[PDB]
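Read the structure below first, then the notes.
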Amino acid sequence: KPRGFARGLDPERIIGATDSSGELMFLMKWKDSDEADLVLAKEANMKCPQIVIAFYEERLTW
Amino acid sequence: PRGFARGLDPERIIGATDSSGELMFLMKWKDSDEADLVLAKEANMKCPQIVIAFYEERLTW
Amino acid sequence: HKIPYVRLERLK
Numbered sequence: 018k019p020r021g022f023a024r025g026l027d028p029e030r031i032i033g034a035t036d037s038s039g040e041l042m043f044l045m046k047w048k049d050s051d052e053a054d055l056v057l058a059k060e061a062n063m064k065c066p067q068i069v070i071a072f073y074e075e076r077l078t079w
Numbered sequence: 296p297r298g299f300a301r302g303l304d305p306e307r308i309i310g311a312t313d314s315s316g317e318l319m320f321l322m323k324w325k326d327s328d329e330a331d332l333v334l335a336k337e338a339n340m341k342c343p344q345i346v347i348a349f350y351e352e353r354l355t356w
Numbered sequence: 053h054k055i056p057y058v059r060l061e062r063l064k
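Residue numbers (the numbering used here), protein chains in the order written: chain U, 18 to 79; chain W, 296 to 356; chain R, 53 to 64.
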């Protein structure tokens, strides 16, 4: 039942995003786990800002 | 002195360009009306939350 | 079924 950061794993990379709920969520791939789950962007911004920035930098468009 | 060497606290990114060959941000600094350019990679390290706020606003489907 | 991007505009 623990989900996201409550699983106690290290974030590895963001592999999706959705704001359909009213808040921005990231699908987080965790280190040494096949099972990605959603986390609040607000939480990821604080706990792993460079992983967040990497997700944005790979999809820049002009 | 330019960019972060002005020693001002970053406040908001108000623009971006790649014309130097690397991504730069136009940084508006708090208590200064003179914005100027900083490397994105430097902003990533020094003010990641300001970088993220900029990107978050421009995320689009 | 769109892909998210960060949409920037070049200064000037």
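Don't be surprised by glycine CBs; every beta carbon is placed ideally from N, CA and C.
- Taking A71/U as the centre and dropping the five residues before and after it, the same chain places the C-beta of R30 closer than 7 Å to its C-beta, in chain order.
- Per the DSSP secondary-structure output, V333/W pairs in a beta bridge with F320/W.
- Looking at the DSSP output, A34/U bridges to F43/U.
- For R301/W, the closest alpha carbon among the candidates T312/W, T355/W, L354/W and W324/W is that of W324/W.
- Our two residues, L26/U and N62/U, have alpha carbons roughly 16 Å apart in a direct line.
- With respect to chain U, the C-beta atom of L60/R has a partner C-beta closer than 8 Å.
- DSSP places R59/R outside any alpha helix (DSSP H); the residue lies instead in the beta strand (DSSP E), whose first and last residues are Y57 to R59.
- For the set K336/W, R353/W and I345/W, the Cα lying nearest the Cα of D313/W is the one of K336/W.
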